[PDB]
Number of protein chains: 2
Amino acid sequence: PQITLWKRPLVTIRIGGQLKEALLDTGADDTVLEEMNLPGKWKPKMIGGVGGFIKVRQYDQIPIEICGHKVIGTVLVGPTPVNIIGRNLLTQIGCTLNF
Amino acid sequence: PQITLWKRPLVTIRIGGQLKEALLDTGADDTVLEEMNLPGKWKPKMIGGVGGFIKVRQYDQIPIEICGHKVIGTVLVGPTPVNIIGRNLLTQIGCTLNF
Ligand SMILES: CC(C)CN(C[C@@H](O)[C@H](Cc1ccccc1)NC(=O)O[C@H]1CCOC1)S(=O)(=O)c1ccc(N)cc1
Ligand SMILES: CC(C)CN(C[C@@H](O)[C@H](Cc1ccccc1)NC(=O)O[C@H]1CCOC1)S(=O)(=O)c1ccc(N)cc1
């Protein structure tokens, strides 16, 4: 697809068997999702942005389906106010910025 | 250009007579720059990000040049950890996400 930026670049994803809406975010180094349960091992990490930092759980090698593109990689989970697909998974779908 | 996302999509912008490095940020509604002594009328506002809210100065109708593309719009100035080009100006340079 080609996604224009007049509106937020929201897409449907599936993770852990569940469908969610998420922002395609080129400003995010790594994918971070709103508080949820995910199976498997995780480790604590900090991420920072506008407003400061939050503590998250880092899960590695997690399958995610993004608009029918299957990726597998790092998913952070914590108190972000929005679900965010970051560069780590955008590269896996072959996403580029064009102008 | 067609910009891959292996690394942060940093570009050079020209604003208020200064050359600055900024992040092309599809997850950002607004453009927010690190604190700087920009002349002009502004209004105080708050914006929210991952970690909470910050107070910013809102400057309207500011000329900005992004990768040779000359645009005009709202620029927020405040304690962001990185200069961010958000959708208000990404639409003006004709930027799209493609995968
Ligand atoms: C600030 C950049 C450098 C990093 N953020 C990504 C940005 O797109 C961020 C995404 C977001 C949108 C809406 C609500 C909350 C967050 N938008 C953002 O703050 O919009 C503000 C600034 C202007 O307009 C409004 S991040 O969320 O902090 C972040 C940091 C690290 C990781 N691994 C993942 C996410
Ligand atoms: C608002 C914060 C940054 C604290 N201010 C410091 C001020 O220099 C502040 C710095 C600033 C510059 C540019 C963007 C944002 C903030 N200038 C300012 O123009 O900010 C307006 C814009 C949006 O909201 C308030 S403070 O309240 O004045 C103050 C002063 C002394 C003490 N001890 C405590 C607080």
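Chain A appears in the PDB entry as HIV-1 Protease from Hiv-1 m:b_arv2/sf2.

Draft legend 1. Spotlight on the site of ligand 1. The environment of ligand 1 is formed by 22 residues, the closest being A:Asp25, A:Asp30, A:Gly49, B:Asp25 and B:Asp30. This site is not confined to one chain, since residues near ligand 1 come from chains A and B. In this structure, an oxygen atom belonging to ligand 1 sits 2.7 Å away from a side-chain N or O atom of B:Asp25. With respect to ligand 1, the backbone of B:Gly27 contributes an N or O atom lying 3.3 Å from a nitrogen atom.

Draft legend 2. Examining the pairing of strand β5 (residues 43–49) of chain A more closely. Residue and element names in this part refer to chain A. Strand direction decides the pairing type here: β5 and strand β6 (residues 52–66), joined by seven bridges, are antiparallel. Considered in β6, the bridge of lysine 43 is made with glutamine 58. Hairpin connection, β5 to β6: the antiparallel pair is bridged by two residues, and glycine 51 has positive phi, about 100°.

Draft legend 3. Structural view of the relation of the copies chain B and chain A. By a simple turn and slide, chain B fits onto chain A: the slide is 0.2 Å along the axis, the RMSD is 0.4 Å, and the turn is 179°. What the rotation and shift describe, once combined, is the action of a two-fold rotation axis. The overlap is high: 97% of the interface residues of chain B also sit at the interface in chain A, so the same surface is used on both sides.

Draft legend 4. Geometry of the interface of chain B and chain A. Listed as interface residues are 38 residues of chain B and, on the opposing side, 38 residues of chain A. Tallied by class, the residues present in the side of chain B that touches chain A amount to 19 nonpolar, 14 polar and five charged.

Draft legend 5. Local environment of the layout of surface pockets. Roughly 890 Å³ of internal volume is contained in the largest pocket. In terms of lining, the largest pocket is formed by 36 residues, of which the most central are A:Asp25, A:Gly49, A:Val50, B:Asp25 and B:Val50. Tallying contributions element by element places β5(A) first for the lining of the largest pocket, with four residues. Broken down by class, the residue content of the lining of the largest pocket amounts to 18 nonpolar, nine polar and nine charged.

Rules of the game
- The numbering scheme counts residues from 1 along every chain following its written sequence, independent of the entry's numbering, with residues that lack coordinates not shown.
- Written order determines the labels here, with chains lettered from A and ligands numbered from 1.
- Only hydrogens and water are set aside when side-chain values are computed; all heavy atoms of the structure are taken into account.
- Residues with missing side-chain atoms are left out of burial classes, side-chain pairs and their counts.
- Consider each residue's heavy atoms; a residue with any of them within 4 Å of a molecule or strand counts as near.
- Under the rule applied, a polar contact is a pair of N or O atoms within 3.5 Å (in protein, one hydrogen donor and one hydrogen acceptor; residues adjacent in sequence only if both atoms are side-chain atoms).
- By this definition, two strands are paired if DSSP reports at least two bridges between them.
- Runs of E in the DSSP output that reach at least two residues are strands. Runs of H or I that reach at least four are helices, and both are numbered from the N terminus.
- Least-squares fitting over the C-alpha atoms is the method by which the copies are superposed.
- The contact criterion used is simple: two residues touch if any of their non-hydrogen atoms lie within 4.5 Å.
- Ten residue types, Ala, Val, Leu, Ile, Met, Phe, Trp, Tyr, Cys and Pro, are classed as nonpolar, four, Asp, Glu, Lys and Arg, as charged, and the remainder, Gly among them, as polar.
- Computed over the protein atoms alone on a 1 Å grid, cavities are sets of points where a 1.4 Å probe fits but cannot get out and pockets are open sets with protein on both sides within 12 Å along at least five of seven lines; a residue lines them when it has an atom within 4 Å of a point.
- Grid points are joined across faces, edges and corners, and a volume is the space filled by probe spheres set on the points.

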